[PDB]
Amino acid sequence: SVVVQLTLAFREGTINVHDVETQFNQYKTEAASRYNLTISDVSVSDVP
Amino acid sequence: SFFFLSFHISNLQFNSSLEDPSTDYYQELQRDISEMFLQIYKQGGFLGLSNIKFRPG
């Protein structure tokens, strides 16, 4: 498989790490149907 | 705030082109994934994402 690593940037007060993870996991269906990417094994961390 | 995200693309084979960020394939995948993330996060406060690192899984 292809491991993908990246960092997201939001302005202060916008979102927390759990919301980032849930919103991405909820998009898996559309990622497969629209982008033809089968997304798995999501990990999200706060970066200090 | 900043969030590090890692995931697998389970339906793509890692190949020699994806070891080299100057290749057309690397750049196409990085572009297309980036565009996808701009669709996932529509918050007014979402600014964008970093360049992408691909590794073999």
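Residues numbered from 1 in each chain as written, not as in the entry; some residues may be left out. Chains lettered and ligands numbered in written order. Heavy atoms only, no water.

The PDB entry annotates chain B as Mucin-1 of Homo sapiens. The title given to this PDB entry is "Crystal structure of the Mucin-1 SEA domain".

Labelled according to the PDB entry, chain A appears under the name Mucin-1, originating from Homo sapiens.

(A) Up close: the overall build of chain B. Within chain B, the secondary structure is distributed over one helix and three strands. For chain B, the sequential pattern of α-helices and β-strands runs β-α-β-β. If one aligns the C-alpha atoms of chain B with their principal axes, the spans along those axes are about 40 × 20 × 20 Å. In chain B, which comprises 57 residues, the proportion classed as buried is 39%. Pairs at least 24 residues apart make up 39% of the contacts formed inside chain B by residues separated by at least 6 positions. Counting only carbon and sulfur atoms, one obtains 47% of the accessible surface of chain B, whose full area is about 3200 Å². Chain B carries 4 positive and 6 negative side-chain charges, and their two centres are separated by 9 Å. (Helix = DSSP H or I, 4+ residues; strand = E, 2+ residues; numbered from the N terminus. Buried < 20%, exposed > 50% of the residue type's maximum accessible area, 1.4 Å probe, protein only. Contact = heavy atoms within 4.5 Å. Areas by Shrake-Rupley, 256 points an atom, 1.4 Å probe, with all protein chains shown as cover. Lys, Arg positive; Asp, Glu negative; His and termini not counted. Charge placed at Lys NZ, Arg CZ, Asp CG, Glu CD.)

(B) Spotlight on the interface of chain B and chain A. In this complex, chain B contributes 36 residues to the contact, which on the side of chain A involves 34 residues. A buried area of about 3900 Å², summed over both sides, lies between chain B and chain A, and 60% of it is on carbon and sulfur atoms. When the buried surface of chain B facing chain A is broken down by residue, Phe3, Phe4 and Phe7 of chain B rank first, second and third, together holding 20% of it. Counting across the interface, chain B meets chain A through zero salt bridges. In this structure, the connection of chain B to chain A is made through 25 residue pairs in polar contact. Only β1 (2-9), α1 (24-40), β2 (46-49) and β3 (53-56) of chain B provide two or more residues apiece to the side of chain B that touches chain A. Counting residues per element, the side of chain B that touches chain A draws most heavily on β1 of chain B, at eight residues. Here three bridges tie strand β1 (residues 2-10) of chain A to β2 of chain B, and the two strands are oriented antiparallel to one another. In the sheet register, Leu8 of chain A faces β2 of chain B, and the bridge partner there is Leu49 of chain B. (Buried area = accessible area lost by both parts, 1.4 Å probe. Salt bridge = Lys/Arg side-chain N within 4 Å of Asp/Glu carboxyl O. Polar contact = N/O pair within 3.5 Å; in protein donor to acceptor, adjacent residues only side chain to side chain. Pairing = 2+ DSSP bridges.)

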